[PDB]
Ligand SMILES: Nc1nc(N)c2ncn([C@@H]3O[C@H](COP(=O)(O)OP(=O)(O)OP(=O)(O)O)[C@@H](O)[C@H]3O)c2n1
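Shown below, as structure tokens, is a lone chain in the form deposited without the named molecule; questions about how it binds or moves come after it.
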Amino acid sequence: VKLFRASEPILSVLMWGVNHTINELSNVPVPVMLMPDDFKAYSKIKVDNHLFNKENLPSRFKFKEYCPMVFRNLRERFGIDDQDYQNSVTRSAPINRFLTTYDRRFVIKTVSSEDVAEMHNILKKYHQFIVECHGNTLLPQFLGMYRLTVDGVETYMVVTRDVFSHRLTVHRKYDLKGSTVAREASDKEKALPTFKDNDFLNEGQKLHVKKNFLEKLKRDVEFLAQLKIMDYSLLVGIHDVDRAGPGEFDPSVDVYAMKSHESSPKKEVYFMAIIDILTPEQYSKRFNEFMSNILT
């Protein structure tokens, strides 16, 4: 019995909504392909209950899913079964505005309306790109995009596959941007930190192994730049096994994880992917040079 009990009412509307739309979809046949209208489509539902079902949900809310057919197909191409998606959002409240499902499998980012319009500007070319690389990419994997309205105010969310493992605790994080400026991390933010370009540079961390990652990444960033996208960051995460199976993951679940070489001094397993692709040609080149210097 999916009681939608959450940390705050918009989370329970989210759980209700993802549940509702995913069931709805279970009743819609998967087509032999997607169509232009599928990229201009949306689901909208409005709930006014009165003295009924109020114990955990609101009595008045709205839920809109953008291009449900396209995002369900994306879900299939990324290897996510729909009822696993549904279970991870609905079994227990998402946690911590940026959220993870209770099982650390997916992240739910609160997003500006400009970003929703950017998603619509790109989505056909993004889908064909997922098609052409058979999902082997490092761009964020978009699994749904929703708009919740509750108590009056609208909120936009983009669900995506987590860059990090849902199992192995990540021990250090770096948001590399390739800046010609010097994006360092704040003393305030230093006191698990988030290190940017200058600090992975003046830290001495290297990543050891092999090279087909460079093929995947360069394809991704040539694509993003060929679409006037900027401000994206490559996110890197180190898990030192030694802290205390260890360095044990399922490469079909953590599709971004990667094992160290015997070279590596510490016992490390890495996770890496591109993030924040919703908003310049020089950006791609500088970004790629800085990400080049990183391997051993």
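Throughout, we count residues from 1 along the sequence that is shown.
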Fill in: Count class of deposited residues lacking coordinates, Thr279 to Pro280
10 or more
Worksheet, complete the sentence: Gap between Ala191 and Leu192, counted in deposited residues with no coordinates, falls in the class 1 to 3
Worksheet item: For the C-alpha atoms alone, is the average B factor greater in 61-69 or in 245-253, going by the entry?
Response: 245-253
Practice prompt. Determine, for stretches 217-225 and 83-91, which one has the higher mean CA B-factor as deposited.
Written response: 217-225
Fill in: Per the PDB entry, maximal CA B factor within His134, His166, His127, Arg183
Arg183
Fill in: Of the residues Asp187, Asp115, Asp162, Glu154, the one carrying the largest Cα B-factor as recorded
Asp187
Item to complete: Could you say whether, by C-alpha temperature factor, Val236 belongs to the lowest, middle or highest third of its chain?
Response: highest
Worksheet item: How does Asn202 rank on Cα B-factor within its chain, lowest, middle or highest third?
Response: highest
Worksheet item: Ranked by Cα temperature factor within the chain, is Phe78 in the lowest third, the middle third or the highest third?
Response: middle
Worksheet item: Mind checking which third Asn56 falls in for C-alpha B-factor across the chain?
Response: middle
Discussion item. Going by the CA temperature factor in the PDB record, which third of the chain does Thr149 belong to: lowest, middle or highest?
Written reply: lowest
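The next section is about a form of this same protein that is not shown, the form deposited with the named molecule bound.
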Fill in: the named molecule in the deposited complex: contacted by all of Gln205, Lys285 and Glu289, heavy atom 4.5 Å
no
Item to complete: Evaluate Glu154 for contact with the named molecule in the deposited complex, applying a 4.5 angstroms cut-off between non-hydrogen atoms, and reply yes or no.
Response: yes
Worksheet item: Should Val116 be counted as a contact of the named molecule in the deposited complex, where contact means heavy atoms within 4.5 Å?
Response: yes
Discussion item. When the contact criterion is heavy atoms within 4.5 Å, does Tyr270 count as touching the named molecule in the deposited complex?
Written reply: no
Worksheet entry | Partner proximity in the deposited complex: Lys64 to the named molecule, non-hydrogen atom cutoff 4.5 Å | yes
Practice prompt. May I ask you to choose, among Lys218, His171, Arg77, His120, the residue with a heavy atom within 4.5 Å of the named molecule in the deposited complex?
Written response: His120
Worksheet, complete the sentence: Within 4.5 Å of the named molecule in the deposited complex by heavy atoms, the stretch out of 77-85, 197-205, 120-128, 218-226 is 120-128
Worksheet item: Is any part of 70-89 within 4.5 angstroms of the named molecule in the deposited complex by a non-hydrogen atom, and which residues would that be?
Response: none
